Structure formats: C-alpha cells, structure tokens
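Throughout, numbering of the chain's residues begins at 1 and tracks the sequence. When reading the values below, keep in mind they use all heavy atoms of this one structure, side chains included, and skip hydrogens, waters and symmetry mates.
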Amino acid sequence: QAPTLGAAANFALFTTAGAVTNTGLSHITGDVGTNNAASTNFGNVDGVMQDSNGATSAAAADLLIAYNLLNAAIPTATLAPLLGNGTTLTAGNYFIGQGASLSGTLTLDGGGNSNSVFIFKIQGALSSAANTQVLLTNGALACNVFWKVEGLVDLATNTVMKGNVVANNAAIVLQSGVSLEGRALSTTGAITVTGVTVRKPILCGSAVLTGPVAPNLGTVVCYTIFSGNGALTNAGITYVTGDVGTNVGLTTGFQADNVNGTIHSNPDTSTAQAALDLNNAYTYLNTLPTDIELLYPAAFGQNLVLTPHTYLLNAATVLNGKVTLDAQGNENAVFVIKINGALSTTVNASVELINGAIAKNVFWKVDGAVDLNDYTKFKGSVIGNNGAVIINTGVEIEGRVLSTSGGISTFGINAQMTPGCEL
C-alpha cells in the first residue's frame, strides 16, 4: 500500500512550520497553508487559505505519519545522484544516499499498472536544472509518486515536476514557471513559490467532486434572455435559441425569424411563471454554503481554473480573459459561482469547460449588474439581481442570462439555451 497523506492530501502547498509566500501570477489547485503563520501575496487559489487552524493542525499530524511511512519504505534499488537525462524508471523504492539533482527528462513508467508506486529516498537536498521534466507514462499516476527529501528542495525555472514532494526539516523553493502535478509539503521549513502552477493529484482514493445540487430552474429553463422587471431591448443582428421576454415592460428588437423559440413582446402568463421560478432559483443559489472563497474578485480570470464547488467572490468581479471549469471527468459535476456585487468583463473574455464539464451545470449568482463585454464567450446560467444587464456586440452565450430586476440591453449576440426545456 502507498502511504496515506490523510489530511495533508487537501493541500497543494503546506508546511507544519514556516512562512508560505507567493510572487507573481501563480495557479494553484488545493489548499495552501501553514500550521504556525499566514500565507502571503497569493492571488486567487482554487482551495482554502488555511492559517494556524484545525485543518493545518490535522495536516501537520498526517504529514508526520506519511513521512514516517516513507522513511520506513524498504529500498528496492540505489540510484546515482544525477537523475534524469533521458532515464526511465519503473515502480520502486529508490535510495540515493546523498543530495540529488534532476536534469533533462526523467520518465516514470507504470508498466501498465496504475497502482505502481515510485518512492525516492533522497538523503540530502534535491535540486533541478532549468527546464527539467518529470514525465509519467504507461499507467503511472502522480498521486503514487513521492519524494522524501532530507534537505532543501529547489526546483529551477520551468521545472515540470510530479508527485508529493516531502521536505523533512527543510525549505521548498519553486522558481519561475515550475509546474507541479503533486504537492509541496514540509515537516517544518518555509515554502517560497514564484509564478508557479501546482495542482494536487486526483485519484489514489481522493473523493470525486460533485459540486452542490443544481437549482431547479422550473419554467425559466425555457428562456435564454429574461428579466423579471425592466425593458428588454435588442439591437443589431441577434440569434437566440429559447424564449426571450420581460415580466414588466416591453421586449423589442428581437426578430422572430432569428429566434428558435418564442418572443414574449409583453408580459404574459409564461413571463409571470418564469419570474417566480427565477426568484426561487436565485434564493436557492444565494443560500448554498460557500466551499471556497476566491479572495481577489478584481483579478478573476487570467487563466484561473476552478473545480466542482460553490465559490464566493465577495465583491464586484471583473472577468479578465479566461476562466476554466474543470469537471475532472465527472460530466454531472455542478459549479456555482456566487458574486457579491456587479459582474463585468474584458473584451474577448471567456468561460471554458474541460474534462467533462457542461454548460447546463454552471450557475452564476450575481448580486448586481451584469455586463458582458464585446466578443465574450460566456457559459452557464447567470442570474443577476437588481441591476441593469448589458450584453455587448458579438457575445456568445451557451446557457442563459436572467435578471430578477433590471433592464436588459443586447447588441448583436448569439445566445443558445442549454438542455432542460421540454416544450
């Protein structure tokens, strides 16, 4: 059996004792923390910032247990300290009785068995040369790779690294552009990262993320652009699949032959029922418990990747460029993004879906105005509350844009509802 990390598994970056510091734009999936200080200068992290609390205390204890199992592992072979340079290794417990250095390419080959475990016992420091790459093949999984390092871990610029890097009574330093599918864990010592990507490995018994239970949209699943209260006005050449309308005021500017659906030119029984159902959905989304707070709403996007959870952005939010929603292979995964303020975007902003994520299962609860800037590619169901909506030239929506209250103005857009309507 590979060693369990217990609570330490929750983390991308963790030290039992010391400072945890970021510089520049880093992309992190997993908790970040220290059991005796507070991490500084991180941007948006897909994980909880855990500082000197019950979570870090638990991680500290389980990291110790993990370390001891690593230290107890009976070596299957000895390696020279120069690791990589085109070398391939199969499963084993590898003993290096001095400081080690990674260089060039190192391939870990699973032999067609995803249960293959690779443990490196480094009796000294571990360094890499710039542009070093650790590669996995033939079934090998990052969650089954471990480095037990008795000294400073220092990974050079653009190092591609795999596995759980456990530094015992030493610091970890991850230089510009390091990309780690794995974890940086210290039993005490500082962690310093600069412009890195670190994503905790999935599998090896990690719970499959589902996200929260999706709201029931009721009849508003059949609408694509809808206001509970306020004029709905389109200009330019716009195409819609699904219904459009307002429950208070007039809908104008949509050309019937461009709408695969019904334009409700003024309020009717359908808009009345949609308005009730929109309020119910908003209230449901608003009251879902927050899993992860994204601490920098002004900096949202910039190639942030999210996983199935309920997120809170606790201020007006700007989507700059791209945000990606990663279902991690679970097509039924739900993402809820609660925004406590207005939502606006840059031109060419985008929401992208990977690893099975579908727009039907993405929801945005926006407590304020919604403004989708020119040529934004937006996905999911946006439910705004008390604020005007503007959807600018060329915006593409796979999903819907709804407001409980507020006028809506659209300009030359293409908006197509996601599945659920049965009319």
Side-chain angles (χ1 to χ4, degrees), residues 5 8-15 20-32 39 41-47 83-89 100-110 118 120 122 125-137 140-147 149 152-167 171-186 190-204 206 299 301-307 321-326 328-329 352 354-355:
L5 287 178
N10 295 312
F11 287 82
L13 304 172
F14 174 79
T15 183
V20 176
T21 311
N22 178 67
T23 304
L25 183 64
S26 286
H27 302 291
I28 308 285
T29 304
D31 291 357
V32 171
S39 309
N41 201 42
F42 288 80
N44 290 313
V45 167
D46 185 17
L83 288 196
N85 297 146
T87 287
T88 300
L89 299 165
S101 60
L102 290 161
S103 175
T105 309
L106 179 65
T107 301
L108 312 182
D109 167 4
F118 303 81
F120 297 92
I122 311 307
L126 174 69
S127 286
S128 65
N131 310 306
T132 296
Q133 294 194 204
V134 176
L135 311 172
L136 309 173
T137 61
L141 298 170
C143 63
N144 281 317
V145 178
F146 298 82
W147 308 82
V149 189
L152 170 71
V153 177
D154 197 304
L155 306 187
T157 59
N158 301 317
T159 293
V160 173
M161 189 61 164
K162 307 289 180 189
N164 295 307
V165 175
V166 178
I172 304 175
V173 179
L174 304 186
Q175 291 185 50
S176 175
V178 163
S179 187
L180 173 53
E181 181 192 358
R183 294 173 180 95
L185 308 170
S186 173
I191 297 170
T192 303
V193 303
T194 60
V196 305
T197 297
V198 181
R199 313 221 190 260
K200 65 183 184 179
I202 60 189
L203 296 132
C204 292
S206 61
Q302 302 189 79
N303 315 120
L304 182 60
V305 181
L306 301 181
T307 48
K322 180 170 60 174
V323 62
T324 299
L325 308 175
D326 175 0
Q328 310 187 135
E352 302 291 343
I354 68 172
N355 298 329

Query - Partner residues of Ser103 under the side chain to side chain donor-acceptor pair (under 3.5 Å) criterion, sequence neighbours left out - result: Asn85
Report task. Side-chain contact test, heavy atoms from C-beta onward, threshold under 4.5 Å: evaluate it for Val134 versus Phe118 and give yes or no. Result -> no
**Report entry** Test applied, side chain to side chain contact (heavy atoms under 4.5 Å, CB included); reference residue, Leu135; option that passes from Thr105, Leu108, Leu106, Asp109
**Finding:** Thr105
Query raised in the report: Between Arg183 and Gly163, is there a donor-acceptor pair closer than 3.5 Å when you use the side chain of the first and the backbone of the second?
Result: no
Query raised in the report: Quick one: does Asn131's side chain have a donor or acceptor within less than 3.5 Å of a partner on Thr159's backbone?
Result: no
Query - Side chains of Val20 and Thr15 in contact at under 4.5 Å (non-hydrogen atoms) - result: yes
Report task. State, yes or no, whether a side-chain contact exists between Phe11 and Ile28 at a heavy-atom distance under 4.5 Å. Result -> no
Query - Side-chain heavy atoms of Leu13 within contact of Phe42, under 4.5 Å - result: yes
Requested in this report: Please tell me if the side chains of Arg199 and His27 come closer than 4.5 Å, counting only heavy atoms from C-beta onward.
Outcome: yes
Requested in this report: Could you give me the CA-CA distance, side-chain angles and deciding distance for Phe120 and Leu89, then say whether side chain to side chain contact (heavy atoms under 4.5 Å, CB included) is met?
Outcome: CA-CA 11 Å; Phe120 297 92; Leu89 299 165; 3.5 Å; yes
Query raised in the report: Does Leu155 reach the side chain of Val153, with side-chain heavy atoms less than 4.5 Å apart?
Result: yes
Query raised in the report: So, does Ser128 use its side chain to make a donor-acceptor pair with the main chain of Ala156 at under 3.5 Å?
Result: yes
Query raised in the report: In this structure, which one of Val323, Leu306, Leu304 forms a side chain to side chain contact (heavy atoms under 4.5 Å, CB included) with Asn44?
Result: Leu304
Report summary line: Smallest heavy-atom separation, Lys200 atom then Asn10 atom, equals NZ-O, 3.4 Å
Query raised in the report: If every non-hydrogen atom of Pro201 is compared with every non-hydrogen atom of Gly182, which pair is closest and at what distance?
Result: CD-CA, 3.6 Å
Query raised in the report: Can you name the one residue among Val193, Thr192, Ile191, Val32 that meets side chain to side chain contact (heavy atoms under 4.5 Å, CB included) with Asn22?
Result: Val193
Query raised in the report: Between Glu181 and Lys162, does at least one N-O distance fall below 4.0 Å, as a salt bridge requires?
Result: yes
Query raised in the report: Is there side-chain contact between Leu5 and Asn164, with at least one heavy-atom pair below 4.5 Å?
Result: yes
Report task. Give the minimum heavy-atom separation between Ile172 and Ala167, together with the two atoms involved. Result -> CG1-CB, 3.7 Å
Query raised in the report: Does the side chain to side chain donor-acceptor pair (under 3.5 Å) test come out yes or no for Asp326 and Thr307, once each step is laid out?
Result: CA-CA 5 Å; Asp326 175 0; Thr307 48; over 6 Å; no
Query raised in the report: Is it true that a side-chain atom of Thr194 and a backbone atom of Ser176 form a donor plus acceptor pair closer than 3.5 Å?
Result: yes
**Report entry** Heavy-atom pair with the smallest gap, counting every atom of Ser26 and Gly195
**Finding:** OG-N, 3.3 Å
